[PDB]
Every structure is written in structure tokens, then in C-alpha cells.
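Next up: a single chain in C-alpha cells, the form solved without this ligand.
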């Protein structure tokens, strides 16, 4: 019979910091993590900036010998996972190791490593491909390497649902616990797509902002002068735990995960429908799953990518789901500051949604200077808004018309 699921630990690498508290301080202060990319020569690229993780030290987590074998997206996923497990206070024992699993996903996975090995292959021959190429690059190896390091023998898997990955990963890990396949899951996502193929490939789709001369203002969700998403790196991980398991060990509980929705648009490979029909269907599923009145929703962490079609589709979906209550809730895009962490977006944004509940504050949508036609909700323009938040919703929408919604509420 369906059990309740709470959040007992969180971990993060973002363009705003090397952990949760440092990231959250940047969020509440309206700070941009977006800057010209230093790690490669992008003079031939139409976009030369993004949200980099600054000063990441993998040797806070892993031996340099093991780190060298792993794509950055695996290193970021392990860092957030280790932080979340530590933050939980959970002790892994022979008694509980079979009941603790992991679902850390990625949208694109080890593109940097795949590019570097493709260069070796093409310039020098197959004998120069790394022996660690496959286990060092494939998406499931966050879950794999975390289980090996911590001794987690529960369900072990990874989702890849493009920009919806971190939201789906957390929702499905919550379903694992809810229906008794696990008592604890580490769940979230990680992404490092800032290589030639990543910036070049999104560039070739003309999906990215090209505001190279003012990167901190590039990400401007619902602003009339927005011109596409800002590519960002990092990771979010949460420890999800069955309520009575958490209560039994005296865990600190940040919030309860009460609702999860999925829906497919069945509309277009990359474009969202302008009326937000799939996102509305996904939110309604999530609110019904949480047994809520839609009027209980106080805060929405929007997908809010800063694309022309995506941002307006979300306003349409929120108006359609919430009717007059759409004018009472606060909705913000933290991508205004972090940029778009792709498969990690829904993981970091789930964490920001939990902290909005802990601290009773709506994070701002920075850069919202001139809201576009129809973008007339409370979008928390410019500055953080202290307010009552009992229920918070986090939305993600990705390529393939794939939608995810998570519903969190305060736990007393």
C-alpha cells in the first residue's frame, strides 16, 4: 500500500556554487552564474558563454586516479550524491543496504569524453581510445559508481529524458519507495554538455541565446528580448526516504514529496505546443496524485528556459490549470540565474523548490525587465519575495514532448 516519501538530504554543483547553501545564497541574492566559457576556444561558435561549475575540486570526493577515468558529468553527479548522502545522516549497514538504491540521470551524458576519444580515433587510430571510454562516459555510471563506493544494493538505474531527466529521476525514485521496492533512494541528475559538439549542436538548432557581449543578461525568461536558453553544467541529488523509516531514525525532514506527474505532448520533437496542453496535463496529473486543491499551490519553479515558445507555453499551461488562482501563486525561473542544466535542471530546481518551502521565499526571475504579451502573472521579477509557501511545484519539459511535475509541501 502506497507509502509517504520525504526529503532528508540534498547536494548540488551549480554555476552559483559548489554546494547547496552557496548556490541558494546566490539564488536569493539574484546573482548570475553565467560567464564567457574559459575551458575552450569558442571563437568559431555563435554562443561563447554558459553556466560553468567554478573551482570544482574532484579530490574533495574521489582519488585523482579514479577521477581521471570519469567524464565530468559523472564527477558532478558523484559530488552531488556524496553531499546528499552526508546531508541525510543515513548510515548504510548490512541491515539496510539492499533497501537503498540510486537513480541519477543525464540528458546527454559523457559528450566531452566521447568527443575527446573521437578526436583520438580520427587523428591517431582506435588503439588510442581509452580503456575507460565506455564505463567513463555512459549515463548509468553515476548510479553505478555511487553504489560501488557506498555499497547501495537497492534498485540501480538511470533515466535519460533530455531536459526532464532530473524531475523524472526524482519522481520515479519516489514511486520506487512509495510502492515498497526501496526505503531510500538517491535521485537527481548531472550534466556537462559544454564541449564543441554540445555548444555546436545546440548552436546549429539556433536554440541558444547569442548575447555573447552580456552573458549575465542572456537568460531572461518571459522577457520580450529573450533569444533562447543558456547552456549550464552541474548536478542535483536528493535523498528520498519512506516517512516511517525517516521518523524511526530521527532524520531531519526538509519537505514531503506528495505528487508526481508525467505526460507526453505528442506534438513536436523539440517545440512545445503554444497552449501548453502537455504541461497542463502533467501538472493536473501531479496535483491529483498529491490529492490537492490547485488553490493550495503557493510557488511554481517554472521550467522557464528563456526560449520564445517554451516560456509562453508555460504561462498558458499555468493559467489553464489554476484559473483565477494563477494570479495568487508566485512562479519564478531560477534559470534566470543558473541557466539551463538540461538533465540536471529538474534536480537543482527540485532542491530550490524544497528550500523555497524551508525559508518561505520565492526566488526571483532576474532580467525580467519587460514581460512579454500575456506574461502577466506574479513572476517574482528581479528580487526574492518572502511569502507563505505550503505547496511548491517544479516543472520540466524536454525534447520528445516529455513533461514532468513534482509537488512538495511542508512537513510538520
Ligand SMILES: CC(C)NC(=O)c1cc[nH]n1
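Numbering follows the first chain given and starts at 1.
This protein has a second form, the form solved in complex with this ligand, left out of what is shown; the following refers to that one.
Asker: Using a 4.5 Å cut on heavy atoms, which of 72, 313, 246, 331 is close to this ligand in the deposited complex?
Answerer: Comparing distances to this ligand in the deposited complex, the residue within 4.5 Å is 313.
Asker: Name the residue from 279, 240, 300, 102 that puts a heavy atom within 4.5 Å of this ligand in the deposited complex.
Answerer: Here the answer is residue option 279.
Asker: Can residue 15 be called a contact residue for this ligand in the deposited complex at 4.5 Å between heavy atoms?
Answerer: Contact with this ligand, no.
Asker: Can you name the residues of 379-400 that have a heavy atom within 4.5 Å of this ligand in the deposited complex?
Answerer: If the 4.5 Å heavy-atom criterion is applied to this ligand in the deposited complex, 379-400 yields 397, 398, 399.
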